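Remarks on the structure that follows.
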Ligand SMILES: Cn1cnc2c(NC(=O)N3CCC[C@H](C(N)=O)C3)cccc21
Ligand SMILES: [Zn+2]
């Protein structure tokens, strides 16, 4: 679990969005596993606007932060799950690191701010949904 809170927006994994997220929907994209909903309170986070390929992510299944080298946002095949059919997930970045299904929503940060959130994993890999191209989150 986990979310990014920036301005009057809450960014979550689309497959973990609640009834309240859908009732206050701003934007969602099944191909990216992202959903953004509106909030009444001002958020605590700031978004990176950079091309960093190194950062640190929070892994809830280890209660620890780990440093990672991650690939550029790209179209990657993701096997079928209870949440989606077999498809290409876009804007996904992979890295070597530990992740379990419940780790989705953990934040990946670089020195400039929030880069993305955990969205996929398995096999000693961890995949992050990028949010750096969503410029409208800042206004
Ligand atoms: C070990 N392991 C297996 N599975 C994992 C997982 N879940 C995972 O990849 N998917 C299920 C939830 C939706 C994800 C999507 N974006 O399509 C795909 C996350 C993290 C570690 C995982
Ligand atoms: Zn950066």
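Note that the numbers count up from 1, one per residue, in the order the chain is shown.
Per the header: X-ray crystallography, 1.5 Å.
Yeah, the Cβs are placed from backbone N, Cα and C, and that goes for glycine too.
Taken straight from Swiss-Prot:
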type	residues	note
ACT_SITE	15	active site, for protease 2A activity
ACT_SITE	33	active site, for protease 2A activity
ACT_SITE	104	active site, for protease 2A activity
BINDING	50, 52, 110, 112	Zn(2+) 1 binding site
> Which recorded positions of 15, 50, 110, 112 contact ligand 2 in the sense of C-beta under 6 Å?
Replying inline: 50, 110, 112
> What's the CA to CA span in angstrom from residue 112 (Zn(2+) 1 binding site) over to residue 33 (active site, for protease 2A activity)?
Replying inline: 23
> Relative to the Cβ of residue 110 (Zn(2+) 1 binding site), which residues of the same chain, six or more apart in sequence, are found under 8 Å away?
Replying inline: 48, 50, 52, 54, 55, 56
> Looking at the recorded positions 50, 52, 104, which sits with the largest number of other Cβ atoms within 10 Å of its Cβ?
Replying inline: 104
>> Can you give me the residues near the recorded Zn(2+) 1 site, meaning same chain, not 50, 52, 110, 112 themselves, Cβ no more than 8 Å from the center of the site's Cβ atoms?
In response: 48, 51, 55, 111, 113, 115, 132
> Considering only the recorded positions 33, 50, 52, 110, 112, which possess a Cβ situated under 6 angstroms from at least one atom of ligand 1?
Replying inline: 33
> Which chain-mates of residue 15 (active site, for protease 2A activity) that are at least 6 residues away have a CB under 8 A from its CB, listed by sequence?
Replying inline: 33, 81, 83, 84, 104
> How would DSSP class residue 110 (Zn(2+) 1 binding site) in three states?
Replying inline: strand
> Counting other CB atoms within 10 A of each CB, which of the recorded positions 33, 112 comes out lowest?
Replying inline: 112
